[PDB]
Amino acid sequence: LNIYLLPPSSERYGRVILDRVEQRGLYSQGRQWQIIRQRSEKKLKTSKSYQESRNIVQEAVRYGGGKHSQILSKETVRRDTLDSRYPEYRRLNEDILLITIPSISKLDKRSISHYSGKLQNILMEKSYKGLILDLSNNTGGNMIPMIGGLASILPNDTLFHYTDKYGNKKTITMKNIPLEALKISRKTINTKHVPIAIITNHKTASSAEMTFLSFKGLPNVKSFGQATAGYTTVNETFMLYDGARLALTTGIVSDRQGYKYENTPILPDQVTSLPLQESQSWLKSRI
């Protein structure tokens, strides 16, 4: 077809990332920020490729956005997509299901609907009186299939809040979740009410942590295990010219109860190295 393309220079490509970082990053203002930015622009003047430009702005991204921010090359983004897994369950006994809820980074509608659908089926069509939700080793990815699959046990209300560098406070509610895309019905939201035990470990991160926050303060819920990884900030992701992605931190976070998080670990209710064990016992007492 009839195509016109005049791709940015490697310098331009680098400067585009600096503009975004400055525009939305939590920390990208003030004396230390320029200097880092100025130093980055000086190197970019002689950059000879996009890859080189990403290397050059790395300090700026890390400073301007913090430890939850980064630039992923197109290749890195795809390899990470291929690490995606689907939820699994095992019946522990006639009353308790153990549900494994893993990392998934996929965007495509089919994959994310298979992930959420698997969860939906377990929660809606299986028999139980209590649940164990296992977020160990879930380092995040696409929030949509995670929150979506768990829709039946979450409020049709505020999930968590987040505030940007300009002091704009916003809210992620069950409505902001594209359930329609997963072909899941809003009539199923919050229709299961059983004791829920949630397990986390040190690797539990990011989307998984914000999924964890979405259960906080629920009276039927209690959590076991260890503090999470501490990537409790909202990111916005910007697709760059060659398919690379800028993941940029733009929001500080608070849960329904008013507690604030800024790349800070979440404490489970009951810290322990035996959370499956203590989980079941807790579930027994409440059943």
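The first residue of the sequence shown is number 1, and the count goes up from there.
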Original post:
Would 161-169 or 77-85 have the larger average of its C-alpha temperature factors, as given in the entry?
Top reply: 77-85
Original post:
So which stretch wins on mean C-alpha B-factor, 181-189 or 145-153?
Top reply: 181-189
Original post:
Per the PDB entry, which option out of 62, 245, 54, 45 has the greatest Cα B factor?
Top reply: 45
Original post:
For the listed residues 255, 262, 236, 41, which one has the largest C-alpha B-factor as given in the deposited model?
Top reply: 41
Original post:
Going by what the PDB entry lists, where does residue 115 fall on CA B-factor within its chain: lowest, middle or highest third?
Top reply: middle
**OP:** Among all modelled residues of this chain, ranked by Cα B factor, put residue 277 in the bottom, middle or top third, i.e. lowest, middle or highest.
**Re:** highest
**OP:** Sorting the chain's modelled residues by C-alpha B-factor, tell me whether residue 31 ends up in the lowest, middle or highest third.
**Re:** highest
Original post:
C-alpha B factor of residue 249, ranked within the chain: lowest, middle or highest third?
Top reply: lowest
Original post:
Mind checking which third residue 122 falls in for C-alpha B-factor across the chain?
Top reply: highest
